[PDB]
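Structure 1 and structure 2 below are two forms of the same protein chain, each written out on its own as structure tokens.
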Structure 1
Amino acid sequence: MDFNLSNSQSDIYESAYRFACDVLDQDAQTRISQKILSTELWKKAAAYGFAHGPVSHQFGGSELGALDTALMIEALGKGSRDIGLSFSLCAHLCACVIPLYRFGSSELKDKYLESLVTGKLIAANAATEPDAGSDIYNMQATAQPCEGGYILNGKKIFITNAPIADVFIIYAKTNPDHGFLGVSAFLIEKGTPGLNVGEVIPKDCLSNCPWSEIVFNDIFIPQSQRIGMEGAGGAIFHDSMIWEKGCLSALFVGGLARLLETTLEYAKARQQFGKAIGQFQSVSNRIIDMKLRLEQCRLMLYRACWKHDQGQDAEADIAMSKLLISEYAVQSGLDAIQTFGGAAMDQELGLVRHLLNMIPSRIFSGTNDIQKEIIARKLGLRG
């Protein structure tokens, strides 16, 4: 039992924080106003190390553990206001880089993995369908085995980075008779015949992070582009969602640290009735809730990541962390707005935009109701 960061960990955090503040955050307000995702800036962030995670040196990574990866991303969330860019980068890392590294063949990693790790190629993962969201393993896209590979048909929706991706990590049924066990994973390239990437679909939350639909019309997937074994795609997807839950939770912990600092400063500086508004218990009680949340969920995340690094079973701990972090991110966004009153409406301050950016955290990587189902299953409440 020790709650100090090592010097190595402290350095990883502080280097990422400096990069987020001095490189990504500079000019962020202009990009946010114009709903711009700067792919040149994204590539600098990827190459700096945010697209590396646990990837080995062989492929350009630093062989970071889960806790180190989470610290980097916590720093990113605290230091850069451009949370849409950060979300895009973490989706690429967790849903695309990491499954390719963990399950790809030597051939497939040799062709694509270092390019994803350095951000030379941007990747999108495509699992969700119009009738398969929480019930993801009822997806109906089909990768029908054929001579030389697969014929792919289907439609995927809500695909982060699809309008800017060079490659797609896609999930489809190689055996449509089964659910989880009938899914396989594939890498396909932008521009392959039959791949139709939709136009960006705007949204108010994470508004500069592009997503769209993609449609597959008789795409030929060469055999060598299957990721992992036939029928293992359900497990690959599930594994990538454990990494995703943990890393976006880190982003929102860092965002909550930033929000708390802003909110404390305001509550000390803004006077009404001849005293700082933080002196009224209605005001200070909400700020204390924000502090309690931050301290609790940061510890849950660190323990979940450290257990993983130790080889222990950390999946329930990650589901608990994601459930807490996203709920606390939304609630604390509301509490900050209430602290500021009318001044919260100011687009330059970004407090309403911050709440909008947190609203999808309770949906992404499995909704929080699904996290409860995962925890219930680990607790033995599901048969």
Structure 2
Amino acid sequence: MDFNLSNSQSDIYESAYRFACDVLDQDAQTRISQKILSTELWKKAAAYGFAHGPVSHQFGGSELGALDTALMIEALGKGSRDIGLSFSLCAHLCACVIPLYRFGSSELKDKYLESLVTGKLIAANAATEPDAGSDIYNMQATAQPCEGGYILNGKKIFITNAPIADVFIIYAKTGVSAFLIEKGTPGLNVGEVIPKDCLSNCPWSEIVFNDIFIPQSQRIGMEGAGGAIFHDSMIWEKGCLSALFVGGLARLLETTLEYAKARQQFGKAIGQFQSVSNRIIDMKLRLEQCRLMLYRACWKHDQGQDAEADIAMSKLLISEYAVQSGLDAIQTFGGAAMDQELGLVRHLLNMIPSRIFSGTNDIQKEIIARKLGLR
């Protein structure tokens, strides 16, 4: 039992935090106010290492483990206010890079992987539909077999990164299968953006497949395998977003601490008033607890143990605590909280899709209950 970062882990965390502070956060205020997703900074961040995860050195990755990745994304969440860019990165990593690295052929990997890992190509994820967003077994997207490939038809909505994406990872009925599709392929129609607020500057839209021919080699994994591949994605997504929010929570705490040590009222800093002080103590309690839960899930995974219930516990706890502390912060700032430059109300806006992405909290409760022997 040891509760310090190894020197390697501190190095990973501190380098990533410097990058997020000095490169991404510099003009984050402006890009955010103007709802700009900077592909320039996005690619700088991807090439720095935020798109690597566990991908091996052979494809330009750093062969990081789960705890290592979580530490990078935690630094990212703490150091950069541009959380929409951070979310785009995490999605590209978990929904495309990691599935391709773990389940794709050597041909698919040699053609696409290193470009995704090093940020030459941006990727988007598409498995959610009106009735098929949750139940990703009943889906109105179908890829019928044909000579030397497939014919894909359907409509995927809420596609993170599609307005900027070069490739798309599509899940389609065949069993479900996973396909990589290049932007521009005939019959692939990317649609325009509907205004966003919850992680505002992170682009999303809907894509339409109208008799798209998918080459045989662009299938990821075996036929019918999509459901497992996708499942793997969500685990990683669950972890990375958990890391991101732990980082944001850390940022939120330091900010609130500043506002409390400086703001003078009644002849003393308002942090001596037990209302604000109690909210800060709550933030600190929440952050330390769910930080430890997250590290233990990641570390168990890196040990080869099965970490899926631990990560479910992590996502549950961080979802809840992040929302509650965001409320506490709005209460603590008062009439200075709606400062778009302070970016707190938008912080909570961006934290809204936490229970709206890789499982509501009821799904996590089901995972935990099953692990406990309750069904």
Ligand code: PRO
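For residue numbers, the reference is structure 1: its sequence is counted from 1. Think of the rigid core as the biggest set of C-alphas that the two forms share within 1.5 Å after superposition.
Matching the description of the form deposited without the ligand is structure 2; structure 1 comes from elsewhere. Of the residues listed here (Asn196, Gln310, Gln281, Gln223), only one shifts its CA by 2 angstroms or more between structures 1 and 2 after fitting on the rigid core, and it is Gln281. With the core superposed, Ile375 shows a C-alpha displacement of at least 2 Å between structures 1 and 2.
Taking 2 Å as the criterion, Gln272 counts as shifted between structures 1 and 2: its C-alpha moves by at least this amount when the rigid core is aligned. On core superposition, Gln140 has its C-alpha offset by 2.2 angstrom between structures 1 and 2. For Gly333, the CA shift between structures 1 and 2 after superposing the rigid core equals 0.6 Å. The rigid core superposition between structures 1 and 2 gives a CA shift for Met345 of 1.5 Å.
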